[PDB]
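Colleague: Structure file protein.csv, CSV, C-alpha atoms and all ligand atoms, is pasted below:
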chain,number,residue,atom,x,y,z
A,1,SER,CA,30.9,-11.3,14.4
A,2,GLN,CA,33.0,-8.9,12.3
A,3,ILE,CA,31.6,-6.0,14.4
A,4,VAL,CA,34.2,-4.4,16.8
A,5,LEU,CA,33.1,-2.3,19.7
A,6,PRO,CA,34.3,1.3,19.8
A,7,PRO,CA,35.8,2.4,23.2
A,8,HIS,CA,32.9,4.8,24.1
A,9,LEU,CA,30.2,2.2,23.7
A,10,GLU,CA,32.7,-0.2,25.4
A,11,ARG,CA,32.8,1.8,28.7
A,12,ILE,CA,29.2,2.9,28.5
A,13,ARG,CA,27.7,-0.6,27.7
A,14,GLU,CA,27.1,-1.5,31.4
A,15,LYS,CA,25.2,1.7,32.1
A,16,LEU,CA,23.2,1.1,28.9
A,17,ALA,CA,22.4,-2.5,30.0
A,18,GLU,CA,21.3,-1.6,33.5
A,19,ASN,CA,19.4,1.5,32.5
A,20,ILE,CA,17.5,-0.3,29.7
A,21,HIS,CA,16.9,-3.2,32.2
A,22,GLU,CA,15.4,-0.7,34.6
A,23,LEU,CA,13.5,0.9,31.7
A,24,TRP,CA,12.0,-2.6,31.0
A,25,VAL,CA,10.9,-2.9,34.6
A,26,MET,CA,9.2,0.5,33.9
A,27,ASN,CA,7.5,-0.9,30.7
A,28,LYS,CA,6.4,-3.8,32.9
A,29,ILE,CA,4.8,-1.4,35.6
A,30,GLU,CA,3.2,0.6,32.8
A,31,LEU,CA,1.6,-2.6,31.5
A,32,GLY,CA,0.5,-3.3,35.1
A,33,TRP,CA,3.2,-5.9,36.0
A,34,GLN,CA,4.0,-5.9,39.7
A,35,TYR,CA,7.0,-7.3,41.6
A,36,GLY,CA,7.1,-10.5,43.5
A,37,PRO,CA,9.3,-13.4,44.8
A,38,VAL,CA,8.5,-16.2,42.4
A,39,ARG,CA,8.2,-16.8,38.6
A,40,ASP,CA,4.5,-17.6,38.1
A,41,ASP,CA,2.7,-15.6,35.4
A,42,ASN,CA,-0.8,-16.2,36.9
A,43,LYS,CA,0.1,-14.4,40.1
A,44,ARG,CA,1.6,-11.5,38.2
A,45,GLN,CA,4.3,-11.1,40.9
A,46,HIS,CA,7.8,-11.7,39.7
A,47,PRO,CA,11.4,-10.9,40.8
A,48,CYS,CA,12.0,-9.9,37.1
A,49,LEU,CA,10.7,-6.4,37.7
A,50,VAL,CA,12.8,-5.9,40.8
A,51,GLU,CA,16.3,-4.5,40.5
A,52,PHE,CA,18.9,-6.5,38.5
A,53,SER,CA,20.6,-7.6,41.8
A,54,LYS,CA,17.4,-9.4,42.9
A,55,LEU,CA,16.9,-10.5,39.3
A,56,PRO,CA,18.4,-13.9,38.5
A,57,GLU,CA,21.9,-13.0,37.4
A,58,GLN,CA,21.6,-15.5,34.6
A,59,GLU,CA,18.7,-13.4,33.0
A,60,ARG,CA,20.5,-10.2,33.9
A,61,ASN,CA,23.7,-11.4,32.0
A,62,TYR,CA,21.6,-12.8,29.1
A,63,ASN,CA,19.9,-9.4,28.8
A,64,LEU,CA,23.2,-7.5,28.8
A,65,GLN,CA,24.7,-9.9,26.2
A,66,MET,CA,21.4,-9.5,24.2
A,67,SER,CA,22.1,-5.7,24.3
A,68,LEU,CA,25.7,-6.2,23.3
A,69,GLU,CA,24.5,-8.1,20.3
A,70,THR,CA,21.8,-5.4,19.6
A,71,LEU,CA,24.3,-2.5,19.8
A,72,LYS,CA,26.7,-4.6,17.6
A,73,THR,CA,24.0,-5.0,15.0
A,74,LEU,CA,23.2,-1.3,15.3
A,75,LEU,CA,26.9,-0.7,14.4
A,76,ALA,CA,26.5,-3.2,11.6
A,77,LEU,CA,23.6,-1.2,10.2
A,78,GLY,CA,26.1,1.1,8.5
A,79,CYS,CA,25.0,3.8,10.9
A,80,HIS,CA,27.9,5.7,12.4
A,81,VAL,CA,27.7,6.7,16.1
A,82,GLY,CA,29.4,9.7,17.7
A,83,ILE,CA,29.5,10.9,21.3
A,84,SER,CA,28.3,14.4,21.5
A,85,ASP,CA,30.0,15.7,24.7
A,86,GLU,CA,31.3,14.5,28.1
A,87,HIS,CA,29.0,16.9,29.8
A,88,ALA,CA,26.0,15.0,28.5
A,89,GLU,CA,27.2,12.2,30.7
A,90,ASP,CA,28.4,14.5,33.5
A,91,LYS,CA,24.8,15.8,34.0
A,92,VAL,CA,22.3,12.9,33.6
A,93,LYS,CA,18.8,14.1,34.3
A,94,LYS,CA,16.2,11.6,35.4
A,95,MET,CA,12.4,12.3,35.7
A,96,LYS,CA,10.8,11.4,39.0
A,97,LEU,CA,8.0,8.9,38.7
A,98,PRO,CA,4.9,8.3,40.8
A,99,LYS,CA,5.4,5.7,43.5
A,100,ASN,CA,2.9,3.3,41.9
A,101,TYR,CA,4.7,3.8,38.5
A,102,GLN,CA,8.1,3.8,40.2
A,103,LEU,CA,9.9,0.6,41.2
A,104,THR,CA,11.3,-0.2,44.7
A,105,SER,CA,14.6,1.2,43.3
A,106,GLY,CA,15.3,4.6,44.8
A,107,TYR,CA,16.6,6.2,41.7
A,108,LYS,CA,14.1,6.6,38.9
A,109,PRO,CA,14.9,4.5,35.8
A,110,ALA,CA,13.4,7.3,33.6
A,111,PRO,CA,16.3,8.8,31.7
A,112,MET,CA,16.4,12.3,30.1
A,113,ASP,CA,12.9,13.1,28.8
A,114,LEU,CA,11.5,11.5,25.7
A,115,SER,CA,10.0,14.9,24.9
A,116,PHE,CA,13.5,16.5,24.8
A,117,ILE,CA,14.8,13.5,22.8
A,118,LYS,CA,13.9,13.5,19.1
A,119,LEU,CA,13.5,10.7,16.6
A,120,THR,CA,14.2,11.3,12.9
A,121,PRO,CA,12.4,9.3,10.1
A,122,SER,CA,15.8,7.6,9.3
A,123,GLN,CA,16.2,6.7,12.9
A,124,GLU,CA,12.7,5.2,12.9
A,125,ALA,CA,13.6,3.3,9.8
A,126,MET,CA,16.7,1.8,11.4
A,127,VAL,CA,14.5,1.1,14.5
A,128,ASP,CA,12.3,-1.0,12.1
A,129,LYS,CA,15.4,-2.7,10.7
A,130,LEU,CA,16.7,-3.5,14.2
A,131,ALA,CA,13.3,-4.9,15.1
A,132,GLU,CA,13.4,-7.0,11.9
A,133,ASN,CA,16.8,-8.4,12.9
A,134,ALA,CA,15.8,-9.0,16.5
A,135,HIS,CA,12.9,-11.1,15.3
A,136,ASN,CA,15.2,-12.9,12.9
A,137,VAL,CA,17.6,-13.8,15.7
A,138,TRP,CA,14.6,-14.7,17.8
A,139,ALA,CA,13.5,-17.1,15.0
A,140,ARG,CA,16.8,-18.6,14.3
A,141,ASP,CA,17.1,-19.4,18.0
A,142,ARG,CA,13.7,-21.2,17.6
A,143,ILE,CA,15.0,-23.1,14.5
A,144,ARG,CA,17.9,-24.2,16.7
A,145,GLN,CA,15.2,-25.2,19.2
A,146,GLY,CA,13.5,-27.0,16.2
A,147,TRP,CA,10.3,-25.1,16.8
A,148,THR,CA,8.4,-24.9,13.4
A,149,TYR,CA,5.6,-22.5,12.3
A,150,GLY,CA,2.0,-23.4,13.4
A,151,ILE,CA,-1.2,-21.4,13.1
A,152,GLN,CA,-2.1,-22.7,16.5
A,153,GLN,CA,0.6,-22.0,19.2
A,154,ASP,CA,2.0,-25.4,20.4
A,155,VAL,CA,4.8,-26.0,23.0
A,156,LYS,CA,4.8,-29.8,23.0
A,157,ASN,CA,4.8,-29.8,19.2
A,158,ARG,CA,6.9,-26.6,19.2
A,159,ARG,CA,4.6,-24.9,16.7
A,160,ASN,CA,4.8,-21.1,17.1
A,161,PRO,CA,2.6,-19.0,14.6
A,162,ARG,CA,5.1,-16.3,15.6
A,163,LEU,CA,7.8,-17.9,13.3
A,164,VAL,CA,6.7,-15.6,10.5
A,165,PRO,CA,8.6,-12.5,9.1
A,166,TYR,CA,8.2,-9.4,11.2
A,167,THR,CA,6.3,-7.9,8.3
A,168,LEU,CA,3.6,-10.5,8.9
A,169,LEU,CA,3.9,-10.7,12.7
A,170,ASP,CA,0.9,-9.9,14.9
A,171,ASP,CA,0.5,-6.2,16.0
A,172,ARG,CA,0.9,-6.8,19.8
A,173,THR,CA,4.4,-8.3,19.7
A,174,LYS,CA,5.5,-5.9,17.0
A,175,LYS,CA,4.3,-3.0,19.2
A,176,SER,CA,6.0,-4.4,22.4
A,177,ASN,CA,9.3,-5.1,20.6
A,178,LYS,CA,9.2,-1.8,18.8
A,179,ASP,CA,8.6,0.1,22.1
A,180,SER,CA,11.6,-1.5,23.8
A,181,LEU,CA,13.7,-1.0,20.7
A,182,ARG,CA,12.8,2.6,20.2
A,183,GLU,CA,13.0,3.6,23.9
A,184,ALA,CA,16.4,1.9,23.9
A,185,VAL,CA,17.6,3.9,20.9
A,186,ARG,CA,16.1,7.0,22.4
A,187,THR,CA,18.2,6.4,25.5
A,188,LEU,CA,21.1,6.0,23.1
A,189,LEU,CA,20.4,9.5,21.8
A,190,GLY,CA,19.9,10.9,25.3
A,191,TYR,CA,23.3,9.6,26.2
A,192,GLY,CA,24.6,12.1,23.6
A,193,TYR,CA,25.4,9.3,21.2
A,194,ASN,CA,24.2,10.7,17.8
A,195,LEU,CA,23.4,8.0,15.3
A,196,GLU,CA,24.2,9.3,11.8
A,197,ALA,CA,22.5,6.9,9.4
A,198,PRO,CA,23.7,6.0,5.9
A,199,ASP,CA,22.0,7.5,2.9
A,200,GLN,CA,18.7,5.8,1.9
A,201,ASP,CA,19.2,3.8,-1.3
A,202,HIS,CA,16.6,3.4,-4.1
A,203,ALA,CA,16.4,0.3,-6.3
A,204,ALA,CA,13.9,-0.7,-9.0
A,205,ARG,CA,13.1,-4.3,-10.0
A,206,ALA,CA,11.3,-3.3,-13.2
A,207,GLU,CA,9.7,-6.7,-13.5
A,208,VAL,CA,13.0,-8.5,-13.8
A,209,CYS,CA,12.1,-11.1,-11.2
A,210,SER,CA,9.7,-13.8,-12.5
A,211,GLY,CA,8.5,-17.3,-11.6
A,212,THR,CA,10.1,-19.4,-14.4
A,213,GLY,CA,12.7,-17.8,-16.6
A,214,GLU,CA,10.0,-16.6,-19.0
A,215,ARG,CA,9.7,-12.8,-18.9
A,216,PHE,CA,6.4,-12.2,-20.7
A,217,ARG,CA,3.6,-14.0,-22.4
A,218,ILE,CA,2.0,-13.2,-25.7
A,219,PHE,CA,-1.7,-13.7,-26.5
A,220,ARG,CA,-2.8,-13.4,-30.1
A,221,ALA,CA,-5.7,-14.1,-32.3
A,222,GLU,CA,-5.5,-17.2,-34.6
A,223,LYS,CA,-3.5,-16.8,-37.9
A,224,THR,CA,-6.5,-17.6,-40.0
A,225,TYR,CA,-8.4,-14.6,-38.7
A,226,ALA,CA,-5.9,-12.3,-40.3
A,227,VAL,CA,-7.4,-9.1,-41.9
A,228,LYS,CA,-5.9,-7.9,-45.1
A,229,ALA,CA,-8.4,-5.1,-45.9
A,230,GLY,CA,-11.0,-3.0,-44.1
A,231,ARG,CA,-11.2,-1.0,-40.9
A,232,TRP,CA,-11.1,-2.8,-37.6
A,233,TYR,CA,-11.3,-2.0,-33.9
A,234,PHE,CA,-10.6,-4.1,-30.8
A,235,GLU,CA,-10.3,-3.1,-27.1
A,236,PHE,CA,-7.8,-4.0,-24.5
A,237,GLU,CA,-8.6,-3.4,-20.8
A,238,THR,CA,-5.6,-3.1,-18.4
A,239,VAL,CA,-6.5,-4.5,-15.0
A,240,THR,CA,-2.9,-3.5,-13.9
A,241,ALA,CA,-0.5,-0.8,-15.0
A,242,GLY,CA,2.8,-2.6,-16.0
A,243,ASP,CA,4.9,-3.9,-18.8
A,244,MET,CA,2.1,-4.5,-21.2
A,245,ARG,CA,1.9,-4.0,-25.0
A,246,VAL,CA,-1.0,-4.3,-27.4
A,247,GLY,CA,-1.3,-4.0,-31.2
A,248,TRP,CA,-1.3,-5.9,-34.4
A,249,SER,CA,1.1,-8.7,-35.3
A,250,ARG,CA,1.8,-10.6,-38.6
A,251,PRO,CA,1.2,-14.3,-38.7
A,252,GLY,CA,5.0,-14.7,-38.5
A,253,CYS,CA,5.4,-13.2,-35.0
A,254,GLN,CA,7.6,-15.1,-32.6
A,255,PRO,CA,6.3,-16.0,-29.2
A,256,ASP,CA,9.8,-15.6,-27.6
A,257,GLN,CA,10.7,-12.1,-28.8
A,258,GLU,CA,9.2,-8.9,-27.4
A,259,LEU,CA,6.6,-7.1,-29.4
A,260,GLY,CA,7.9,-4.3,-31.6
A,261,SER,CA,11.6,-5.3,-31.2
A,262,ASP,CA,11.4,-6.7,-34.7
A,263,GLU,CA,9.3,-6.0,-37.9
A,264,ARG,CA,6.6,-8.7,-37.1
A,265,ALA,CA,4.5,-6.6,-34.7
A,266,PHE,CA,3.3,-3.1,-34.2
A,267,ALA,CA,2.5,-2.4,-30.5
A,268,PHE,CA,1.9,0.3,-27.9
A,269,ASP,CA,3.7,0.2,-24.5
A,270,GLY,CA,1.7,2.5,-22.3
A,271,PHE,CA,4.1,1.8,-19.5
A,272,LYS,CA,6.8,3.8,-21.1
A,273,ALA,CA,4.5,5.7,-23.6
A,274,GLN,CA,6.3,4.2,-26.6
A,275,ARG,CA,5.1,2.9,-30.0
A,276,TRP,CA,7.0,-0.3,-30.8
A,277,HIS,CA,8.0,-1.4,-34.3
A,278,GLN,CA,11.7,-2.1,-35.1
A,279,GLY,CA,12.5,0.1,-32.1
A,280,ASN,CA,10.8,2.5,-29.8
A,281,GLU,CA,9.5,6.1,-30.2
A,282,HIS,CA,7.5,8.4,-28.0
A,283,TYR,CA,3.7,8.2,-28.4
A,284,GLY,CA,0.8,8.8,-26.1
A,285,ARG,CA,0.5,8.9,-22.3
A,286,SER,CA,0.7,6.2,-19.6
A,287,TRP,CA,-2.3,4.2,-18.6
A,288,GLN,CA,-3.6,3.4,-15.1
A,289,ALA,CA,-5.6,0.5,-13.6
A,290,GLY,CA,-8.8,-0.3,-15.5
A,291,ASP,CA,-7.8,1.7,-18.6
A,292,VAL,CA,-9.2,0.6,-22.0
A,293,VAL,CA,-7.0,1.1,-25.0
A,294,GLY,CA,-8.7,0.6,-28.3
A,295,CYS,CA,-6.6,-0.4,-31.3
A,296,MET,CA,-7.8,0.6,-34.7
A,297,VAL,CA,-6.3,-0.5,-38.1
A,298,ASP,CA,-7.4,0.8,-41.5
A,299,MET,CA,-5.7,-1.4,-44.1
A,300,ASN,CA,-7.0,0.7,-47.0
A,301,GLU,CA,-4.5,3.6,-46.6
A,302,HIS,CA,-2.4,1.6,-44.1
A,303,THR,CA,-2.9,3.5,-40.8
A,304,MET,CA,-3.0,2.3,-37.2
A,305,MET,CA,-4.2,4.5,-34.3
A,306,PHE,CA,-4.7,4.0,-30.6
A,307,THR,CA,-7.3,5.6,-28.2
A,308,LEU,CA,-6.6,5.4,-24.5
A,309,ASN,CA,-9.9,5.7,-22.6
A,310,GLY,CA,-11.4,7.3,-25.8
A,311,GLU,CA,-9.0,10.2,-26.5
A,312,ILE,CA,-6.7,9.7,-29.5
A,313,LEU,CA,-3.1,9.0,-28.4
A,314,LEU,CA,-0.6,11.4,-30.1
A,315,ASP,CA,3.1,11.3,-30.7
A,316,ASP,CA,5.4,14.3,-30.3
A,317,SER,CA,3.9,15.7,-33.5
A,318,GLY,CA,0.2,16.4,-33.7
A,319,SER,CA,-0.3,13.4,-36.0
A,320,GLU,CA,-2.8,10.7,-34.8
A,321,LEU,CA,-1.1,7.9,-36.8
A,322,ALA,CA,1.0,5.6,-34.7
A,323,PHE,CA,2.4,4.1,-37.8
A,324,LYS,CA,2.0,6.1,-41.0
A,325,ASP,CA,2.5,3.4,-43.7
A,326,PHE,CA,3.2,-0.3,-43.8
A,327,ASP,CA,3.0,-3.1,-46.3
A,328,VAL,CA,-0.1,-5.2,-46.3
A,329,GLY,CA,1.9,-8.4,-46.4
A,330,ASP,CA,-0.1,-11.4,-45.2
A,331,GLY,CA,-2.4,-9.5,-42.8
A,332,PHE,CA,-2.5,-8.5,-39.2
A,333,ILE,CA,-4.1,-10.1,-36.1
A,334,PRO,CA,-4.7,-8.7,-32.6
A,335,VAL,CA,-1.8,-9.3,-30.3
A,336,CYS,CA,-0.8,-8.5,-26.7
A,337,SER,CA,2.2,-9.0,-24.5
B,401,LIG,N1,11.8,-11.8,30.8
B,401,LIG,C1,12.5,-11.4,29.7
B,401,LIG,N2,13.7,-10.8,29.9
B,401,LIG,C2,14.4,-10.4,28.9
B,401,LIG,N3,14.1,-10.5,27.6
B,401,LIG,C3,13.0,-11.1,27.4
B,401,LIG,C4,12.1,-11.6,28.4
B,401,LIG,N4,11.0,-12.1,27.8
B,401,LIG,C5,11.2,-12.0,26.5
B,401,LIG,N5,12.3,-11.4,26.2
B,401,LIG,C6,12.9,-11.1,24.9
B,401,LIG,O1,11.8,-11.2,23.9
B,401,LIG,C7,11.9,-12.4,23.2
B,401,LIG,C8,10.6,-13.1,23.3
B,401,LIG,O2,10.9,-14.6,23.3
B,401,LIG,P1,9.8,-15.5,24.0
B,401,LIG,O3,10.4,-16.6,24.8
B,401,LIG,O4,8.7,-14.7,24.7
B,401,LIG,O5,9.1,-16.2,22.7
B,401,LIG,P2,8.1,-17.4,22.6
B,401,LIG,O6,7.3,-17.3,21.4
B,401,LIG,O7,7.4,-17.7,23.9
B,401,LIG,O8,9.1,-18.6,22.3
B,401,LIG,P3,8.8,-20.2,21.9
B,401,LIG,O9,8.6,-20.2,20.4
B,401,LIG,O10,10.1,-21.0,22.3
B,401,LIG,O11,7.6,-20.6,22.7
B,401,LIG,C9,13.2,-13.1,23.8
B,401,LIG,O12,13.9,-13.8,22.8
B,401,LIG,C10,14.0,-12.0,24.4
B,401,LIG,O13,14.8,-11.3,23.5
B,402,LIG,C1,15.0,-5.4,24.9
B,402,LIG,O1,14.6,-6.8,24.9
B,402,LIG,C2,13.4,-7.1,25.4
B,402,LIG,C3,13.3,-7.4,26.8
B,402,LIG,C4,12.0,-7.7,27.3
B,402,LIG,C5,10.9,-7.8,26.5
B,402,LIG,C6,11.0,-7.4,25.1
B,402,LIG,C7,12.3,-7.1,24.6
B,402,LIG,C8,9.8,-7.4,24.2
B,402,LIG,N1,9.4,-8.8,23.8
B,402,LIG,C9,8.2,-8.7,22.9
B,402,LIG,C10,7.8,-10.1,22.4
B,402,LIG,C11,6.6,-10.6,22.6
B,402,LIG,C12,6.2,-11.9,22.2
B,402,LIG,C13,7.2,-12.6,21.4
B,402,LIG,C14,6.8,-14.0,20.9
B,402,LIG,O2,6.1,-14.7,21.6
B,402,LIG,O3,7.2,-14.3,19.8
B,402,LIG,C15,8.4,-12.1,21.2
B,402,LIG,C16,8.7,-10.9,21.7
B,402,LIG,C17,9.2,-9.7,25.0
B,402,LIG,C18,8.4,-9.1,26.1
B,402,LIG,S1,9.4,-8.2,27.3
Turn the structure described in the file into structure tokens.
Modeller:
Amino acid sequence: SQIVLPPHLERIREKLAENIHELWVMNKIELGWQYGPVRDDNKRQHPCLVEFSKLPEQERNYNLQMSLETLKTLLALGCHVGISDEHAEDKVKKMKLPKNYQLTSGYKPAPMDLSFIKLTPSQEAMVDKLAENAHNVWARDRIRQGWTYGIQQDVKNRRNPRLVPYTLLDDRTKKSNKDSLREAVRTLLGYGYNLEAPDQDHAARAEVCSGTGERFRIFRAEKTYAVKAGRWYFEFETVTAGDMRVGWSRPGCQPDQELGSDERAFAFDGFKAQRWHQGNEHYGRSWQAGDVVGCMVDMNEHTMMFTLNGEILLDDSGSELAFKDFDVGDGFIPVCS
């Protein structure tokens, strides 16, 4: 609603509407649809493919309004549009088409050639965005209808399995809508209107989003199994590669606080390659899927060391000790976050 129409698009909008309408009757003839008097899908002969004048003026207006909304959403996409030159409209080349491919209309709908016209990756990305929004407005119209999703298509029960996000939509519709959208935006370029898109933005979730406010879960051995002397080894296999920590915690570790943030636990975050105890340092490399990190503690001279896939992880210095010295205290137990 907030979108205002610039004067160039304003006085070119009717030509856009009619040319894309003719372009659609070209898409129809390419798909094999032929022109007829009456609206009956079985007979494949409809007045829809004939020129807009013989088209029902209701559908013709509804198509033009649909394009007004589509170009307004294009402008809402943050993409600026600039007319190239007046001569790009003064000379309007138009491929000739075979009579079987060509409509009864004398002048060929086919605008300046798609070979000459070029599509950038950003332009294709905004084509995808526009296809997304068109399906959204198609769906909201259905919700106003009261149609609700159904795996089986139903008209009496108004259950369309096409009421899913465009990401999960079936290929055939995605292709047909994409074709009309991208040939439309290519006609936009061929009219000299250059669509300079906004810069692509990068954002990272970093596992902030979570079901339930809880950010992480800690699994540990029982307190009674604490080891106060000897040399011990246990493995941790990482099915994924994310915010995961493994190491040894005291029987006083808190299940709400992250490992290594306090003095209770000594952990290794392979995600950021950091050893964690009362802070973070740099230690080791980053793991991948199906990586086995073995944690080893020798409580005799108070050392702890980690081996990712067998090789010994190292800090910035060549030392193999993740934590050089620590008090025995009340023992250590295997712990993971
Ligand atoms: N003959 C046409 N002329 C113009 N645009 C059309 C035409 N057919 C389809 N469209 C466009 O493509 C969309 C396809 O909607 P369509 O009515 O085919 O969906 P549907 O799944 O059959 O709907 P419902 O859920 O009500 O059964 C329309 O919203 C419109 O934008
Ligand atoms: C530019 O505007 C138009 C004008 C005409 C047509 C399309 C888009 C493309 N679309 C594709 C499509 C197919 C199935 C569904 C559906 O059943 O959900 C929705 C859209 C309708 C077929 S011709």
Colleague: Using Å and a single decimal, report how far atom CA of residue A:292 sits from atom CA of residue A:307.
Modeller: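 Distance reported for this atom pair: 8.2 Å.
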Colleague: Pick out the closest residue to residue A:110 from this set: A:296, A:26, A:189, A:226. Count only C-alpha atoms.
Modeller: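 Among the listed residues, the smallest separation from residue A:110 belongs to A:26.
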Colleague: Per residue of chain A within 7 Å of ligand LIG 402 (chain B), note the shortest atom pair and the distance in Å to one decimal, counting all atoms listed in the file, and order the rows by chain and increasing residue number, as CSV.
Modeller:
residue,atom,partner,partner_atom,distance
A:24,CA,B:LIG402,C4,6.3
A:162,CA,B:LIG402,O3,5.1
A:173,CA,B:LIG402,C11,4.3
A:176,CA,B:LIG402,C9,4.9
A:177,CA,B:LIG402,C8,4.3
A:180,CA,B:LIG402,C1,5.3
A:181,CA,B:LIG402,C1,6.2
Colleague: Need to verify the contact set: stretch 133-142 of chain A, 9 Å, only C-alpha atoms, exclusion of same-chain residues closer than 6 positions in sequence. Can you return it as a PyMOL selection string?
Modeller: chain A and resi 70+73+148+158+160+162-166+177
Colleague: Measuring between all atoms listed in the file, which one of A:288, A:300, A:254, A:122 shows the shortest distance to residue A:229?
Modeller: A:300
Colleague: Would you work out the distance separating atom CA of residue A:278 from atom CA of residue A:310, expressed in Å to one decimal?
Modeller: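 Atom CA of residue A:278 sits 26.6 Å away from atom CA of residue A:310.
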Colleague: Just checking: using all atoms listed in the file, which residue out of A:252, A:327, A:18, A:159 ends up closest to residue A:146?
Modeller: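 Among the listed residues, the smallest separation from residue A:146 belongs to A:159.
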Colleague: Quick check, in Å to one decimal: how far apart do atom CA of residue A:208 and atom CA of residue A:239 lie?
Modeller: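 Distance between the two atoms: 19.9 Å.
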Colleague: Name the closest residue to residue A:9 among the candidates A:251, A:198, A:161, A:82; distances are taken between atoms, counting only C-alpha atoms.
Modeller: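 The closest residue to residue A:9 is A:82.
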Colleague: List the residues sitting within 7 Å of (17.3, 11.3, 33.1) in the file's frame, using all atoms listed in the file, as a ChimeraX atom specification.
Modeller: /A:92-95,110-113
Colleague: So that I can see what lies close to residue A:262, please list as a list in words the residues with an atom at most 9 Å from it, counting all atoms listed in the file and leaving out residues fewer than 3 positions away in the same chain.
Modeller: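 Near residue A:262, the qualifying residues are residues 253, 257, 258, 259, 265, 266, 276, 277, 278 and 279 of chain A.
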Colleague: Counting all atoms listed in the file, which residues sit no farther than 10 Å from the position (-9.0, 9.5, -25.1) in the file's frame? I'd like them as a list in words.
Modeller: residues 284, 285, 292, 293, 294, 306, 307, 308, 309, 310, 311, 312, 313 and 314 of chain A
Colleague: Looking at A:74, A:17, A:155, A:114, which one is nearest to ligand LIG 401 (chain B), with distances taken over all atoms listed in the file?
Modeller: A:155
Colleague: Within 8 Å of residue A:36, counting all atoms listed in the file, which residues show up once you throw out same-chain ones fewer than 4 positions away? Write them as a VMD selection string, please.
Modeller: chain A and resid 44 to 47 49 to 50
Colleague: Please determine, counting all atoms listed in the file, which residue among A:37, A:230, A:211, A:150 has the shortest atom-to-atom distance to ligand LIG 401 (chain B).
Modeller: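 Using all atoms listed in the file, the shortest distance to ligand LIG 401 (chain B) belongs to A:150.
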